[PDB]
Every structure is written in C-alpha cells, then in structure tokens.
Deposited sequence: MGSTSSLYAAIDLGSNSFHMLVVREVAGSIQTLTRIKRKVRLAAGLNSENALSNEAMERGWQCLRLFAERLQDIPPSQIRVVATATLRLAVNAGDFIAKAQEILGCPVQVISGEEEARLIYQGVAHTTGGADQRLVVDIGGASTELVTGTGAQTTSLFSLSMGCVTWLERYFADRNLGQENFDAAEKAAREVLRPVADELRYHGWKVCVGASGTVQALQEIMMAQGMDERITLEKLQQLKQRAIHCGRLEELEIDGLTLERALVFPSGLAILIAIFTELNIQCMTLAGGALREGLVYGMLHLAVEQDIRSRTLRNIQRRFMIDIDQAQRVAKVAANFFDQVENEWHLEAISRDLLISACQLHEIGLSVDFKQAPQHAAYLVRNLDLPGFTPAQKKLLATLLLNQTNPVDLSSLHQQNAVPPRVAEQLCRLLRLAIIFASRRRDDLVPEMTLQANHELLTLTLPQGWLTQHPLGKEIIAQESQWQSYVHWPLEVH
C-alpha cells in the first residue's frame, strides 16, 4: 500500500509518494511543481487570484495521483505563505475540494518538529544531534536525542530575507546579516549549547547547495568553518546552481554565522526533511537505537540475503579490526563502515553467483541507504567490488569517505574476514591472532589448521598472492 505527503510551500508544491516494502519504505514518485504562491501576495497581505488559480491547477494534477490512496495514508500541510495569508481559508477551502482530503496549516514549530522527525529517521551517527534548516521563510534550529526534541526553535531568518534586507556582496555585508542573524542566535546560544549535540546536520537548499559545491571542487562532504572561509573571502571576490546561487550569499552568511556562534565543528547533510517527517510519522515505526541497523536489516529482507552468513563475517571482521585498531589508529566510523560492508557483502548473490561483486557494487551504488551518506555508499560499493579476485586499486580509490590508506585497510579486513568465515558454520570459524606491523599483517592460525583445511589453505595462499601484487604483505601461519 501507498503513502503520500504534500507540502504546499512558498514557491513550490511538493508531493512525495512512497510504498511500504516489508518493514520499510521506498520512494515511488517525488514531484515538485513551481506554483509561485508567495509571488501572488500583495501589501494587503492577501493572495492574487492568479496565484490561487496556479496553485489550484497544480493540485488538480496531484489529486489525480491520490485516487484510492486511503486518506489515512495521506498528509497535506502548508507553511509560511498560507500561514500568513489573510486569504488562506479561501485557498485551503477549494484545495480540500480538489484533493479529496484535509489541508493542515502548521505552525513554524510543527514544521520544525516534522523536519527533525525526518532527519531522525534518515540520518546515521549519534542520537544527540543539532539540526539546521536554513529556509527562505524561517531558519529552524532543533536539538534532540533519538527522536525526542529537547529544544525546538523556529527563528525568522531567510536566505531571501537576510538577502533583500541586507543585500541590495561585501566582506562586511555578510557582517550585517551575520550579527543580524546572530542577534536571534544571541538568546539561544544559552539553550542550544545547553543540551548540546555530538553531531550537527543541515537540512535544506543552502545546506544542499554547499554540499554540491564541495563535491564539485574536490573536497569531502564534511562542512567545516575553514571551508566556508574559502568562500566568504572569495565571496566579496565576485562582489554583487542557477536558482540556488541567487539566494546563496545570505544563506551562506547565516551558516558562517551559525558555525561561529555555536562553535559547530562539522556539519553534514541530513538525509531527511519535512516530507520524510510526514511520511515516516504515518509509518508508525518504533524509533530505532541505530538507523543504519534498520536499513541493513530491511535490505537483507528485500534481497533475501543470508543473515547467518552475513552476521558471521561481521564478527570475524570486527574481531580483526579490534586487533589492528591501535597499530592502524582506526576510528569508530571505519568500524561501522566495515561491519556495514559485511552485512551487505553477499547482496550481489541476489543477482547471480558468477560476477556477484560486480552486482553487489551495482546494487549498493544505486540503492537508497538511509543512514549512509552518498560518499559512504560509494565506499561500501567499492569495498564490495573488491571483496575477492585481484585487488583493483583504481576502483578502490574511487571513494572519498575515508582516507585512502584506511580504504585499503578496511578492504584487507573484509577480504580476510570473508575467507575465514567462509565455511558457513559458526562452529567451523577458527581462533586466530591478527597483528599489524605497519603494512604487514601476520595471521596466526590454530596449529595444524592449514594442513587440516586444504581448501582453506588454497584460498589463503591465493589471497596472499593477490595482496602481494598490490604490495600488501600477508603472512599466515
């Protein structure tokens, strides 16, 4: 059965259809039609006939998409413009006759709660987080732990209104909007660093925008203060994406104000926003301790991945990681990437046994993996591509999620792990010592294990050979 969320906003009407798969949800259609509803709104604070007719025609099309979707599974909501129209009930009234179902105007705060609920369902990392959505109407800031909102503030700052207001681009023109936006940030520095966060995550177009310029210029996806300073000092350089660009400097001035005010170290892009909030709310899902686990679990059902074999390889790889962790100085996100790889590593077998690593990497590049950044997906995919056969460093280093040396190391851990869990018995997995000395791995097998496992011996000899072609010394006794 189908679920739908419609967001009637300022410039565009957004409709996201979606479908229930096992205990999951996948996008079916995701649609945006440019109504220009805030443009038809005059100095009497009412909305011109032309804009309400534009908006209504759009919804006549959306209405065609909702037929025999039970309205229990639909939620339509509206935002700033329809919040502040003196007209609004005239539009909403016909809107609800066109669609077969209610329109709910929502407070700027209920938009924030919804947005949070949307990143919370779609974002990996720590439960304690601080969400930043810089929109044109309101720039919300919310703190929370695992789907409970501790603080929730919808503050009135636009990328449009900090734009027109303070830009008719100086190094000091940001300066105005900066302190301007900092005045609103001045009271809540108290309560936002009160509850704090261990991870910071952005949600909307200006955030999305910055993500895409970093991607474009060759940086990773970590938004740091020093990277926005490449811009601000190059942002009086020009001095005065197409649509994104126009509204960019104000949003950028707001972000460079928020990083400095709150001493946010790092921001990365949420995988969720309002429309996901609405449609996850309708799912009635117990909220998970770790989102990535739900994702992996659902993919495993969908593609009938053998879970016991999956779990067995994760255990071996986790054990190997822990034993080389100090010598290789691996951090924890690498461990979760490695395990996540192991949970998915046989998905290529869904398609066919022969070229399964090719199939694995195809599926993982292209699957929607909530809880995983785009950069992390590619890393997982290329790890899966290199799970066996001659190492292909060319395709391995097609990732930017972890440092290259570390990509190689997680590759090595995954390849070995698959080999020593390969018998598909939880009692056939031997006791082993793994010791790393710089680029050397030494694996100590149970005495007599090799001479007693002639297929194991063959496979480890081959693996040693392959790692050596790529100058990874492997010694297994």
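Visitor: Could you name the stretches of the deposited sequence that have no C-alpha atoms in this structure?
Guide: Those parts of the chain that were deposited but carry no coordinates are 1-5, 174-176, 249-257.
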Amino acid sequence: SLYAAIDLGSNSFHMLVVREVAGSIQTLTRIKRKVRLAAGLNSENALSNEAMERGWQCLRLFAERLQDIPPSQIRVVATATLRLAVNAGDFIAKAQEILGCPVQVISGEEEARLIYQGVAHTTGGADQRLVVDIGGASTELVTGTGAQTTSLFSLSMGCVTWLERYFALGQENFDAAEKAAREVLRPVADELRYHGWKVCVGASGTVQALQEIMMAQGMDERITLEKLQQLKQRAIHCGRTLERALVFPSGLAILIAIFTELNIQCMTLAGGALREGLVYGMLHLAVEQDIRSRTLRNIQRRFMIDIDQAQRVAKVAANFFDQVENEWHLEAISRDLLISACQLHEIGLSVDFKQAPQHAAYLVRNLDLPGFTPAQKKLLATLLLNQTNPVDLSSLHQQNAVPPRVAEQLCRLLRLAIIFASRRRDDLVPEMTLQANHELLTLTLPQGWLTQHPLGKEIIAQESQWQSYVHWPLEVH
From here on, numbers count along this sequence of modelled residues.
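Visitor: Comparing 228-236 with 276-284, which has the greater mean CA B-factor as deposited?
Guide: That would be 228-236.
Visitor: Is the mean CA B factor in the deposited entry higher across 93-101 or across 384-392?
Guide: Averaging CA B-factors over each stretch, the winner is 93-101.
Visitor: In this PDB entry, which of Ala310, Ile115, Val184, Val351 has the top CA B-factor?
Guide: Result of the comparison over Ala310, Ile115, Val184, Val351: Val184.
Visitor: By the entry's C-alpha temperature factors, tell me which of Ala253, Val324, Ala375, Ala332 sits highest.
Guide: It is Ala253.
Visitor: Test of reading the entry: by CA B factor among the chain's modelled residues, which third contains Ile25?
Guide: Middle third of the chain for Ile25's C-alpha B-factor.
Visitor: Taking the chain's C-alpha temperature factors as the reference, tell me which third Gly136 falls into: lowest, middle or highest.
Guide: Highest third.
Visitor: Compared with the other modelled residues in the chain, in which third is the CA B-factor of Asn298?
Guide: Its C-alpha B-factor belongs to the lowest third of this chain's values.
Visitor: Looking at the C-alpha B-factor of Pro403, is it in the lowest, middle or highest third of its chain?
Guide: Lowest third, going by the recorded CA B-factors of the chain.
Visitor: Tell me, lowest, middle or highest third: where does the Cα B factor of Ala126 rank within its chain?
Guide: Ranked within chain, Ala126 CA B lands in the middle tercile.
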